[PDB]
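Listed below are the residues making up each chain.
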Amino acid sequence: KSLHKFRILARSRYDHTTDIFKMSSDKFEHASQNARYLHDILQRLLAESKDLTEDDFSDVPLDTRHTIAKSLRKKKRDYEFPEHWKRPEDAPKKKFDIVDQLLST
Amino acid sequence: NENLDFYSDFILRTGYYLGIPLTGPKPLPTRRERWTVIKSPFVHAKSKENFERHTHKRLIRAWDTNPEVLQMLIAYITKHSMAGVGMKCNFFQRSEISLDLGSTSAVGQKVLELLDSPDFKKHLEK
Amino acid sequence: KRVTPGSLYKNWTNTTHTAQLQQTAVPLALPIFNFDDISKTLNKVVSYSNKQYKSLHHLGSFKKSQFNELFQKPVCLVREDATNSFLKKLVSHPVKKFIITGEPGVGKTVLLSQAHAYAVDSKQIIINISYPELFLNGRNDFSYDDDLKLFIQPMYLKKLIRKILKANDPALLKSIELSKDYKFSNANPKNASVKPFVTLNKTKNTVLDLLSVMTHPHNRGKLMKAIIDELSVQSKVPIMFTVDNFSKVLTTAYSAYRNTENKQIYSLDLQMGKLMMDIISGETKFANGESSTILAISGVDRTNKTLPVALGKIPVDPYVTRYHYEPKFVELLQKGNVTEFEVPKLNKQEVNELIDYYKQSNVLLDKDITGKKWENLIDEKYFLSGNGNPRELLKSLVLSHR
Amino acid sequence: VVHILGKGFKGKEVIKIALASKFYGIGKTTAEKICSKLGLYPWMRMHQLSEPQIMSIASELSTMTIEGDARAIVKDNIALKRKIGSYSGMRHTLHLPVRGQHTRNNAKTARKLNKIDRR
Amino acid sequence: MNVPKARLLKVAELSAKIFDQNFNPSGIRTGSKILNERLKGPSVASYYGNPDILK
Amino acid sequence: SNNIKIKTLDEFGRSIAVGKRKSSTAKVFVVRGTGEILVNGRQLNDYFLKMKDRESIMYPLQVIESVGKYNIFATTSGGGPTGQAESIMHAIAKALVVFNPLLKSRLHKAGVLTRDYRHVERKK
Amino acid sequence: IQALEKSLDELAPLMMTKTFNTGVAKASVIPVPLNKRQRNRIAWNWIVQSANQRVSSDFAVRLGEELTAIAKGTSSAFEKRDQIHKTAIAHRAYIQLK
Amino acid sequence: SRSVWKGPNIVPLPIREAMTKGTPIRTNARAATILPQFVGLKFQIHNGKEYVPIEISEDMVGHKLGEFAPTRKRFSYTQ
RNA sequence: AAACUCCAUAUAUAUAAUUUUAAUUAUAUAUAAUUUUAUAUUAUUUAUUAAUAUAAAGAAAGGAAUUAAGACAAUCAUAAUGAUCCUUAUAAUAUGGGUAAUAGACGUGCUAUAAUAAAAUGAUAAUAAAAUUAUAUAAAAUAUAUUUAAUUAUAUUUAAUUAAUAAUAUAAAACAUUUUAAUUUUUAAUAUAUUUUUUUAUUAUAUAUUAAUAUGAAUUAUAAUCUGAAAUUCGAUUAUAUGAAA
Ligand SMILES: Nc1ncnc2c1ncn2[C@@H]1O[C@H](COP(=O)(O)OP(=O)(O)OP(=O)(O)O)[C@@H](O)[C@H]1O
Ligand SMILES: [K+]
Ligand SMILES: [K+]
Ligand SMILES: [K+]
Ligand SMILES: [K+]
Ligand SMILES: [K+]
Ligand SMILES: [K+]
Ligand SMILES: [K+]
Ligand SMILES: [K+]
Ligand SMILES: [Mg+2]
Ligand SMILES: [Mg+2]
Ligand SMILES: [Mg+2]
Ligand SMILES: [Mg+2]
Ligand SMILES: [Mg+2]
Ligand SMILES: [Mg+2]
Ligand SMILES: [Mg+2]
Ligand SMILES: [Mg+2]
Ligand SMILES: [Mg+2]
Ligand SMILES: [Mg+2]
Ligand SMILES: [Mg+2]
């Protein structure tokens, strides 16, 4: 239940296909400052997700519309060679070479 | 490309002795910038000279190395860098979810000052 | 005038459909379609019977863009994987609610015409909605009925009722005696000014009399509700309700009609839409257990998530906009337990049979008969048709002059 | 021929298109609302209309600002520009473009229609 | 789409709070864009080069 | 020494060849079969709407009269329908030579083994 | 297709007289032979012009009707061919033959 | 056309003196928007060369001062 | 000059732990052709030959840049040097205006004048390439125009990416269906059909008309929006209305 609430509250920052939650910040002038800022937000998001005393957002289904828009901008080569077309009996068969067989002994 | 490839080869040699597994240099797509300069005739004769600039790119990846050793690599190759080569380094640090001690804009300040000045307070009076 | 009595003035698609170009076709003697003796006609090209042709022309089973004008009368290949498989499920399945799917031009309409041919032979009353777009495009009159609380379409209903009367055997219709008394306003131009109303008493008049009632346009919606109710209460004759191009209904939730507030009218607020979905959903139950409901999609219509979700092929996505997902239609289809029958593509042996019939019909070009080996032709036409598509096969043979 | 408020229409003409074609001030969107309000189906033609329905169209058309009334509003807005002495008013008086168009070339239509008593 | 708007608004508000984002449900023009645009002065003022060159 | 190694069928009996036309590319898998073709996982009539494009793909198999003797799994990217269809045509011809190297001369004579060099030329 | 090729072979003129601006004096009208690709162009343009006089809105229908009439013997473009061949027979002596 | 939500194009002008004394307001702010207060006051509006005298009416509110001080002379040809 | 050289194309090797994925790719190096050979025919300077065709091998088919002189043109608002003239002005700054004026004429474009062609619709989303994003590119969502929704425009909010990663951006035509004035070639009411998305019959379905329509989108009214400190002279966009010439 808390995992579902976490994914709902992340909104566009969660990709269901890959299960990755990614957030970036360059608001501050130093990387250390920006790293803490992201860390603090992560703790806040986790605390809210693990506090299911008032609302768990279980009725609300996960929204993937942002991920769908991203997928339409990348070409998907999701087709593989049919397995029932494979003809393993037509593959070349290793020939017997006495020289290589004799050079190994 | 010539200095880029030579320097890339040197980085692989530096990493090996440091104990850093390295992959590459992977060639990335070359960027081409173009500019056309119309010449004095502009009569549709040989009246447009063309120019271009190619950015050659190489990616070297480091694996399974401690941060201290990785910094030694960057320091050494920086000390002995070649002319006309630029370098960007993305470091990836795996961390724990909860850490210890962690890892106001100029315009907003001036707005508050302006809204307190008499030229603005004289109107906000209710 | 520029147009003479016999001049071909329409566009190509309408000219081929309407110009009676089959008159010059050569008469061939083919076996007749009979499901009771399918063993003798399986995997063979057959013509329909004289009783079947008359009914199917009145039902709209044959459509334009089917190269029907190449042959004296429309013909069909009795297939084992499509025709025999579907008709056996229709006779055995207890629910008897099907939706025919498949890629564009695979032969979904022809399969429905073969199901109509079976029904004619098996003494059933067929109610066909060939082109549902005619009651959703806003090109005929509409009126609101207060007693039905639905928007009735008199012009369309007049045509539909005549099709149900002219396409079905009068004897079957006469057998169904009426269960209730009905009174309508008289529009018969002979006694309309003498008899204000026409009464149909129960147990005396039949559903044949009900289908011949001439009423005013405003009372024609109440005549369509009586006809359907009478056919759904009787248990003597099975009723086969069919709808071709049903994809148009699923993807056009809102008709072109607008109410008095300039708001487009929901399709289920039309009597035709409500009636169609009541039979599909199961709200209108037929007493006879051999009654069926065969729907067919068409590739000329847009596709969306409505039908795939209703058939269980994809999960429900709640955030899909209503223009690409109509949850009310999904509920109705799943309430009726509608099952999918995907029309398979033709195999190479079926292509051989069709091309052998085409050779005997003299429809093949001279480049495919002279100097070409028969086996080469079959292999080439099976490859150029997408490995079975009947429509791409015909086009490669008669509409590819390159 | 069907006559609505003097305008004559050929029988085959579609009502929603004909209304937006012969009546000043009524366009496509306005014509559709009139037909929807009167219960005329989207592609009904003029010859189908009955006399009660022809009177209903005239009634709804007479409760709108069309024909002279609409044309007077444009003529009075143009006159106001000239009365106040605005730059635009002078352009209307001089039969010149009033929307910033160049006049070194073209400007033929402005020289033909721009006037204080605009049609 | 079937998710009640009230439920989707509660998620938006809570999400905005966690991520320090401005929640403006009404849509009133607030000028927040002006407060977030980057300062281009330093780049613009260096167009002609560094003035502190040896002469 | 030379830089050419005899081409042979792979572990599954498939001949793999690549073809290019304009900006399009095609990688086809030819195996002995019954004339089944798939383009990017889709039926031929679905992917290629023009019958002339379909006839271009079939031409190499028609030259060796082996239209019903092979199954083709074609994958294509770039350019448009014509470039992809003819890139597949070129790739099938190059993949058919492994099954019978004696037919290369007939394929060359038909013109299906020649890479079409024409591409969009920036006006000069 | 066989009907189309037969109609094109019967309607197209075998030769056509062309004016050559040879010499400062008047140009010479000399009969010239036509190849098969040039013959088909002349006959096709005649067919298209005849087709576009028919009533159908669809060019395919008008073209189909025109081609059917030509395959059945009736065409007004056979007069054009006879007039191109008459001119050439008149100027037979103007040919050069070297 | 300035967006209505932004408000009028208000410029610094000496309106108090023109309302207590009746003096004309000489200005080059041709972009200025004629506010409803200006009604009745006398303005001298630059046109690039001279200052055109104009008194504001109620039908001029919303327009801009520049609209009433033409900057070009009517065209004429040496026919 | 040519050769050479580079680019393109074909091939080989190397690189990528094939999630920066396009391995059907990226970019370094190398190889290849200024193709080669047999045969018949026709010419020849007839021989160890060209033009031809025939057969065989081959992926092989296209481009780029390139010398020095001679005679002549341009102010270069695209760099100079001198002379010459201004030096409270011919130098410098600010506010506003102009460069956008309009009789005629000319060049170059855009959109049109309809049916081998225009308009709608097409969501498990037909099919590209080359570019751009720290003086940014802006996703999805929500709100309004505005209607169930979509579409289009803007606002609200500012996800990701400073990039083979994320965004601009689901390319478009194509193809399919529907519609389309002139056109009584239509539509409607009845009857009719073994053309049913349709046929036939009988009635009505206007005249006007060499002509401008449901073609065309100039001009113009009103309201709103975008950029900017500012859109009056003098910007862009949207909605309703207007609908010229052709
Ligand atoms: N069994 C068959 N025997 C003969 N011809 C057939 C058969 N099946 C299909 N055809 C032919 O294939 C073509 C397409 O058939 P049909 O119209 O039934 O396809 P469909 O899938 O319903 O098409 P759409 O997707 O356009 O609705 C027609 O020319 C039809 O005559
Ligand atoms: K109008
Ligand atoms: K101007
Ligand atoms: K001009
Ligand atoms: K890959
Ligand atoms: K200016
Ligand atoms: K057009
Ligand atoms: K694209
Ligand atoms: K302006
Ligand atoms: Mg961010
Ligand atoms: Mg989008
Ligand atoms: Mg991308
Ligand atoms: Mg069908
Ligand atoms: Mg200028
Ligand atoms: Mg796509
Ligand atoms: Mg968006
Ligand atoms: Mg698309
Ligand atoms: Mg389109
Ligand atoms: Mg005119
Ligand atoms: Mg228009």
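Here the numbering of residues is sequential along each chain, from 1 in written sequence order, and it may depart from the entry's numbering. Residues without coordinates do not appear. Ligands are numbered from 1 and chains lettered from A, in the order in which they are written. Every figure reported here is calculated on the shown chains, themselves a piece of a larger assembly. Excluded from the side-chain calculations are hydrogens and water; all other atoms, namely the structure's heavy atoms, are used.

- Judging from the entry metadata, cryo-EM is the method by which this structure was determined, and 2.57 Å is the reported resolution.

Let's talk about the pattern of salt bridges
- A pair is scored as a salt bridge if a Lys or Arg side-chain nitrogen falls within 4 Å of a carboxyl oxygen belonging to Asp or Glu. Enumeration according to the criterion identifies 53 salt bridges over all chains in this entry.
- Notably, a salt bridge pairs F:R118 with F:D116, separated by 3.3 Å at the nearest N-O pair.
- For G:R54, the salt bridge identified is with G:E66, shortest N-O distance 3.2 Å. In this pair, G:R54 sits in the loop between α2 (36-51) and α3 (59-71) while G:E66 sits in helix α3, placing the two residues 12 residues apart along the sequence.
- For every residue, the accessible area obtained with a 1.4 Å probe (protein chains only) is divided by the maximum for its type, and the residue is called buried under 20%, exposed over 50%, and partly exposed between those limits. We classify G:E66 as buried; its relative accessible area is 3%.
- One network of salt bridges, in which partners are shared, links A:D55, A:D59, E:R7 and E:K10. We count a stretch as a helix when DSSP gives it H or I for four or more residues in a row; a strand needs E for two or more, and each element gets its number in order from the N terminus.

Considering the layout of surface pockets
- Cavities and pockets are defined on a 1 Å grid built over the protein atoms alone: a cavity is a set of grid points where a 1.4 Å probe fits but cannot escape, while a pocket is an open set with protein on both sides within 12 Å along at least five of seven lines, and lining residues are those with an atom within 4 Å of any such point. Grid points are joined across faces, edges and corners, and a volume is the space filled by probe spheres set on the points. Of the pockets and cavities examined, the largest pocket occupies roughly 1,900 Å³.
- Forming the boundary of the largest pocket are 36 residues, of which C:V398, C:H401, G:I1, G:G64 and G:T68 lie nearest the centre.
- Elements represented by at least two residues in the lining of the largest pocket include exactly α1 (12-18) of chain C together with α1 (2-11) and α3 of chain G.
- Ranked by residue count, the leading element in the lining of the largest pocket is α3(G), at 8 residues.
- When residue character is reported, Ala, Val, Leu, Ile, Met, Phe, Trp, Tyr, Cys and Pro are called nonpolar, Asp, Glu, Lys and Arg charged, and the others, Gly included, polar. Its residues placed into classes, the lining of the largest pocket shows 20 nonpolar, 11 polar and 5 charged.

Some words on the environment of C:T339
All names here are of chain C.
- Turning to its location among the elements, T339 is positioned in strand β13 (residues 339-342).
- Counting along the chain gives 45 residues from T339 to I294, while the straight-line C-alpha distance between them is 9.6 Å.
- Excluding its chain neighbours within four sequence positions, the residues that come into contact with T339 are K97, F98 and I99. Contact definition: two residues touch when any of their heavy atoms are within 4.5 Å.

Looking at the sheet that holds strand β12 (residues 292-296) of chain C
Residue and element names in this part refer to chain C.
- Here, any two strands with at least 2 DSSP bridges between them count as paired. The 5 strands are arranged β4-β9-β12-β3-β13 in an open sheet whose pairing can be described as parallel. On the outer flanks of this sheet lie β4 (125-129) and β13, each paired with one strand and no other. Across the sheet, the mean angle separating the axes of adjacent strands is 20° when strand polarity is ignored. Convention adopted: a line fitted to C-alpha atoms gives each axis, helices being fitted over their contacting stretch, and angles between N-to-C directions are expressed from 0 to 180 degrees.

Observations concerning the protein's contact with RNA strand I
- Residue proximity to a molecule or strand is established when one non-hydrogen atom of the residue lies within 4 Å of it. Not every one of the 195 residues close to RNA strand I is listed here, only the nearest: A:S24, C:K10, C:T303, C:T321 and E:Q21.
- Of everything in RNA strand I that lies within 4 Å of the protein, sugar and phosphate atoms constitute 71%.
- In the model, a phosphate oxygen of RNA strand I is placed 2.8 Å from a nitrogen or oxygen of the C:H57 side chain.
- Separating a base oxygen of RNA strand I from a side-chain N or O atom of C:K63 is a distance of 3.0 Å.
- Class assignment for the residues of the surface near RNA strand I results in 50 nonpolar, 72 polar and 73 charged. Two N or O atoms count as a polar contact when they lie within 3.5 Å, although within protein this holds only if one can serve as hydrogen donor and the other as acceptor, and sequence-adjacent residues are included solely when both atoms are side-chain atoms.

Some words on the interface of chain F and chain C
- In this assembly, 19 residues from chain F lie in contact with 18 residues from chain C.
- Take the accessible area each of two parts loses on contact, using a 1.4 Å probe, and add the two losses: that sum is the buried area. Contact with chain C buries area across many residues of chain F, yet F:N45, F:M51 and F:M58 alone supply 30% of it, more than any other trio.
- Counting the contacts that link chain F with chain C gives 2 salt bridges.
- Inspection of the region where chain F meets chain C yields 11 residue pairs in polar contact.
- If you list the elements that add at least two residues to the side of chain F that touches chain C, you get α1 (44-47) and α2 (51-63) of chain F.
- Top element by residues in the side of chain F that touches chain C is α2(F). It accounts for 8 residues.
- Residue classes in the side of chain F that touches chain C are distributed as 8 nonpolar, 6 polar and 5 charged.

Notes on a nonpolar patch on the surface
- Together, B:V111, B:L114, B:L115, B:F120 and E:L35 give the surface a local cluster of nonpolar side chains, amounting to about 410 Å² of exposed area.
- Considering each element in turn, the nonpolar patch owes the most residues, 3 residues, to helix α3 (residues 106-116) of chain B.
- Tracing the sequence through the fold places B:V111 in helix α3. Patch building starts from residues that exceed 30% relative accessible area and form no salt bridge, then joins like charges within 9 Å and nonpolar side chains (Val, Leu, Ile, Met, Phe, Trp, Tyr) within 5 Å. The Shrake-Rupley method, run with a 1.4 Å probe sphere, supplies the accessible areas, and residue values consider only the shown protein chains as cover.

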